[PDB]
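Heads up, target_29.txt below (compact mmCIF, C-alpha atoms):
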```txt
# COMPACT_ATOMS: atom_id res chain seq x y z
CA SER A 1 84.55 214.76 148.43
CA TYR A 2 86.45 218.00 147.86
CA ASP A 3 88.51 220.68 149.64
CA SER A 4 89.31 220.29 153.34
CA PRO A 5 86.95 218.55 155.82
CA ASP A 6 83.61 220.27 156.42
CA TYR A 7 84.36 222.22 159.60
CA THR A 8 80.75 222.15 160.80
CA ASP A 9 81.70 223.14 164.34
CA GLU A 10 81.86 226.93 164.03
CA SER A 11 80.27 228.44 160.91
CA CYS A 12 81.01 231.72 162.67
CA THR A 13 78.87 233.37 160.02
CA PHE A 14 77.00 236.54 160.95
CA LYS A 15 74.29 238.47 159.12
CA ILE A 16 72.87 241.93 159.63
CA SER A 17 69.36 243.01 158.75
CA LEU A 18 67.75 246.47 158.62
CA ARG A 19 64.14 246.43 159.87
CA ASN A 20 62.48 249.85 159.64
CA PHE A 21 65.97 251.33 159.36
CA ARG A 22 66.90 249.49 162.54
CA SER A 23 70.07 247.43 162.69
CA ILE A 24 70.01 243.85 163.92
CA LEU A 25 72.91 241.50 163.59
CA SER A 26 72.91 237.77 164.11
CA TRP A 27 75.34 234.88 164.13
CA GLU A 28 75.64 231.35 162.84
CA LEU A 29 77.84 229.29 165.05
CA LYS A 30 77.19 225.70 164.06
CA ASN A 31 77.17 222.92 166.66
CA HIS A 32 79.33 219.79 166.35
CA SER A 33 80.64 218.46 169.66
CA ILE A 34 80.02 221.04 172.38
CA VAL A 35 76.62 222.73 172.68
CA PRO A 36 77.01 226.47 173.44
CA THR A 37 73.85 228.21 174.65
CA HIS A 38 74.82 231.74 175.71
CA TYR A 39 76.73 234.15 173.50
CA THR A 40 78.18 237.65 173.62
CA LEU A 41 77.69 240.01 170.71
CA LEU A 42 80.71 242.31 170.68
CA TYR A 43 80.92 245.17 168.15
CA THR A 44 83.04 248.15 167.05
CA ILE A 45 83.91 250.36 164.04
CA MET A 46 86.72 249.53 161.60
CA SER A 47 88.24 252.99 162.16
CA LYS A 48 88.36 252.19 165.88
CA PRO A 49 88.66 248.39 166.34
CA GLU A 50 89.85 249.04 169.88
CA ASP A 51 86.39 250.29 170.89
CA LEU A 52 84.47 247.00 170.98
CA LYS A 53 81.44 246.61 173.25
CA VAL A 54 79.65 243.63 174.67
CA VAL A 55 76.16 244.96 174.02
CA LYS A 56 73.78 244.74 176.97
CA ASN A 57 71.31 241.86 176.67
CA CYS A 58 73.55 240.41 173.94
CA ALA A 59 76.30 239.18 176.29
CA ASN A 60 76.10 235.60 177.64
CA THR A 61 72.68 235.41 176.14
CA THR A 62 71.02 232.15 175.33
CA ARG A 63 69.70 233.62 172.18
CA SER A 64 71.28 234.17 168.76
CA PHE A 65 70.15 237.22 166.76
CA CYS A 66 71.10 240.41 168.61
CA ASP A 67 69.58 243.80 167.70
CA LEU A 68 71.05 247.28 167.34
CA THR A 69 68.93 250.24 166.24
CA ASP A 70 70.93 253.09 167.75
CA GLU A 71 74.01 250.99 168.52
CA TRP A 72 75.33 251.04 164.94
CA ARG A 73 74.68 254.70 164.09
CA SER A 74 78.02 254.70 162.26
CA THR A 75 76.25 254.06 158.96
CA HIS A 76 79.30 255.65 157.34
CA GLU A 77 81.51 252.95 158.84
CA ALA A 78 82.11 249.24 158.73
CA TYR A 79 80.79 248.02 162.05
CA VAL A 80 83.44 245.46 162.83
CA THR A 81 81.87 242.95 165.17
CA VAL A 82 83.43 240.25 167.33
CA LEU A 83 80.86 237.78 168.55
CA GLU A 84 82.44 235.77 171.34
CA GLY A 85 80.44 232.72 172.31
CA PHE A 86 81.24 230.69 175.39
CA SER A 87 79.93 227.13 175.48
CA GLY A 88 78.03 227.04 178.76
CA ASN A 89 80.63 228.47 181.14
CA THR A 90 83.73 228.19 178.92
CA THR A 91 84.85 230.24 175.93
CA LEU A 92 84.41 228.19 172.83
CA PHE A 93 84.94 230.86 170.20
CA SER A 94 85.49 234.51 169.29
CA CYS A 95 84.84 235.50 165.68
CA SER A 96 84.72 238.92 164.06
CA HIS A 97 83.60 240.49 160.79
CA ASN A 98 83.75 243.93 159.20
CA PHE A 99 80.09 244.83 158.70
CA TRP A 100 79.86 247.10 155.68
CA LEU A 101 76.54 248.83 156.38
CA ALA A 102 77.11 251.96 154.30
CA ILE A 103 77.87 249.52 151.48
CA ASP A 104 75.58 246.62 152.47
CA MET A 105 72.58 248.12 154.31
CA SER A 106 70.21 245.13 154.19
CA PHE A 107 66.60 246.32 153.94
CA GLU A 108 63.68 243.87 153.80
CA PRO A 109 61.42 243.69 156.91
CA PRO A 110 59.57 246.94 155.90
CA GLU A 111 56.02 246.58 154.59
CA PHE A 112 55.27 246.95 150.88
CA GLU A 113 52.40 246.48 148.48
CA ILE A 114 51.53 247.25 144.96
CA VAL A 115 48.08 247.72 143.53
CA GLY A 116 47.85 247.48 139.78
CA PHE A 117 45.36 249.36 137.68
CA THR A 118 44.22 248.26 134.23
CA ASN A 119 46.57 250.88 132.71
CA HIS A 120 49.02 251.69 135.55
CA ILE A 121 50.83 250.50 138.67
CA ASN A 122 50.38 251.71 142.23
CA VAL A 123 53.40 250.82 144.32
CA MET A 124 53.55 251.59 148.03
CA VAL A 125 56.64 250.91 150.08
CA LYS A 126 55.86 251.07 153.75
CA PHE A 127 58.95 252.44 155.52
CA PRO A 128 58.73 253.42 159.22
CA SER A 129 57.38 256.85 160.13
CA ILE A 130 60.56 258.91 160.39
CA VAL A 131 61.48 262.52 159.65
CA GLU A 132 64.49 262.32 157.32
CA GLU A 133 65.28 265.82 158.60
CA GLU A 134 66.86 263.89 161.50
CA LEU A 135 68.03 260.90 159.47
CA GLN A 136 71.77 260.18 159.23
CA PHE A 137 71.14 257.95 156.21
CA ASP A 138 72.19 258.64 152.63
CA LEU A 139 70.63 255.71 150.82
CA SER A 140 67.95 255.47 148.16
CA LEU A 141 65.28 252.93 147.38
CA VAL A 142 64.89 250.91 144.23
CA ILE A 143 61.43 249.94 143.04
CA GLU A 144 62.04 247.04 140.64
CA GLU A 145 59.15 246.50 138.20
CA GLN A 146 58.88 243.00 136.70
CA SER A 147 55.64 243.32 134.71
CA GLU A 148 54.55 240.64 132.24
CA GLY A 149 58.14 239.45 131.81
CA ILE A 150 59.62 242.94 131.69
CA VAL A 151 62.16 243.59 134.43
CA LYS A 152 62.96 247.11 135.59
CA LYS A 153 64.73 248.88 138.44
CA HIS A 154 63.19 252.14 139.63
CA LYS A 155 65.11 254.39 142.01
CA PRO A 156 62.78 257.18 143.24
CA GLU A 157 64.12 260.05 145.32
CA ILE A 158 63.91 258.91 148.94
CA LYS A 159 64.29 262.48 150.19
CA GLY A 160 61.32 262.04 152.50
CA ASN A 161 59.90 258.88 150.93
CA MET A 162 61.38 256.43 153.45
CA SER A 163 59.08 257.75 156.20
CA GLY A 164 55.87 255.73 155.89
CA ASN A 165 53.66 254.66 152.97
CA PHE A 166 56.10 255.32 150.12
CA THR A 167 54.02 256.17 147.06
CA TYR A 168 55.30 255.25 143.59
CA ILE A 169 53.30 254.69 140.39
CA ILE A 170 54.59 252.53 137.55
CA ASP A 171 52.72 253.74 134.50
CA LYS A 172 53.18 253.65 130.72
CA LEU A 173 52.00 250.04 130.52
CA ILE A 174 49.32 248.12 128.63
CA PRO A 175 46.55 245.98 130.22
CA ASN A 176 47.49 242.51 131.51
CA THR A 177 50.73 243.38 133.29
CA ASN A 178 51.42 241.11 136.25
CA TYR A 179 54.50 242.67 137.84
CA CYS A 180 56.67 241.47 140.66
CA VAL A 181 57.69 244.65 142.47
CA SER A 182 60.73 244.38 144.71
CA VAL A 183 61.98 246.94 147.19
CA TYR A 184 65.78 246.99 147.26
CA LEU A 185 67.94 249.97 148.23
CA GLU A 186 70.97 251.40 146.44
CA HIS A 187 73.93 253.27 147.93
CA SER A 188 76.23 253.55 144.91
CA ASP A 189 76.58 250.15 143.25
CA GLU A 190 74.73 247.29 141.54
CA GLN A 191 75.77 244.84 144.24
CA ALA A 192 73.68 246.26 147.09
CA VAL A 193 70.50 244.74 145.68
CA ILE A 194 68.44 243.79 148.69
CA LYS A 195 65.65 242.66 146.38
CA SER A 196 63.03 241.42 148.81
CA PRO A 197 60.41 238.82 147.77
CA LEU A 198 58.62 240.72 145.02
CA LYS A 199 54.97 241.41 144.82
CA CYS A 200 53.34 240.19 141.61
CA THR A 201 50.24 242.38 141.39
CA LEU A 202 48.38 242.15 138.05
CA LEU A 203 45.92 244.58 136.41
CA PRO A 204 42.61 243.78 134.67
CA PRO A 205 44.18 242.03 131.69
CA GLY A 206 42.82 243.57 128.54
CA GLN A 207 43.32 240.33 126.61
CA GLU A 208 39.57 239.79 126.29
CA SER A 209 37.68 239.13 123.04
CA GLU A 210 38.22 241.18 119.89
CA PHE A 211 35.60 243.06 117.88
CA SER A 212 35.05 246.34 116.02
```
Show the structure stored in the file as structure tokens.
Amino acid sequence: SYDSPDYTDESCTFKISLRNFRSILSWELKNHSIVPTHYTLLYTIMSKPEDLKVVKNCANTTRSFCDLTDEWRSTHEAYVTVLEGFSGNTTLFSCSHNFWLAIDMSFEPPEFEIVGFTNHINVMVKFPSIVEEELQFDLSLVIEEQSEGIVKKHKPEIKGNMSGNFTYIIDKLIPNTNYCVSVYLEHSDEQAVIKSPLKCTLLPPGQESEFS
């Protein structure tokens, strides 16, 4: 019992996710009274809010999460999006949001593993096969190493590392080092931490017996 009534009839909350450096934005329009099925994902760029587009296949669509790999190439812009959802045949809502990709860039879907050796770590971040030489990105990757209780944030040069089986090795460690390795990117702040579900790969723990 606090604040105003729980307006659970239009959460109008949208989220964007970057799968293999592909943009995909979704929406969260809660249902209370009317039951809207089809929606229309409309998007634009903050610098030009007058250039909104009802993306094909994302207009009156009885689906929710709409994709956009080459539709939001303005990585250096805040893709302002207006998702207008009509309940059945009538317009029931029209909400917008300034998507800060350049500042948010949510990366997670990509594949990633980490094999740990008795005395070292073998981290492999599986980013899509792409030739950065034609990449409009300007983001890095952060290999966070949480071994045996020790948390760390690695940020290897992604100048050609975000194009397949990223290869990083966390060394300078002693046997028995179970580390949860996350794969979050960094643009220029400590708030863009898309720390995906880590990977806790251990090494042959050298905590065996003890003799001469």
Item to check | Atomic separation - atom CA of residue 172 of chain A relative to atom CA of residue 206 of chain A, Å | outcome: 14.6 Å
Next on the checklist: Using only C-alpha atoms for the distances, tell me which of A:118, A:163, A:197, A:22 is nearest to residue 134 of chain A.
Outcome noted: A:163
Next on the checklist: I'd like the contact shell of residue 187 of chain A - 12 Å cut-off, only C-alpha atoms, skipping same-chain residues fewer than 2 positions apart - returned as a count of residues only.
Outcome noted: 26
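You can rank A:124, A:25, A:52, A:45 by their closest distance to residue 77 of chain A using all atoms listed in the file, and at the top of that list sits A:45.
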Next on the checklist: Please list as an NGL selection string every residue within 7 Å of residue 85 of chain A, counting all atoms listed in the file and excluding residues in the same chain fewer than 3 positions away.
Outcome noted: :A and (38-40 or 91-94)
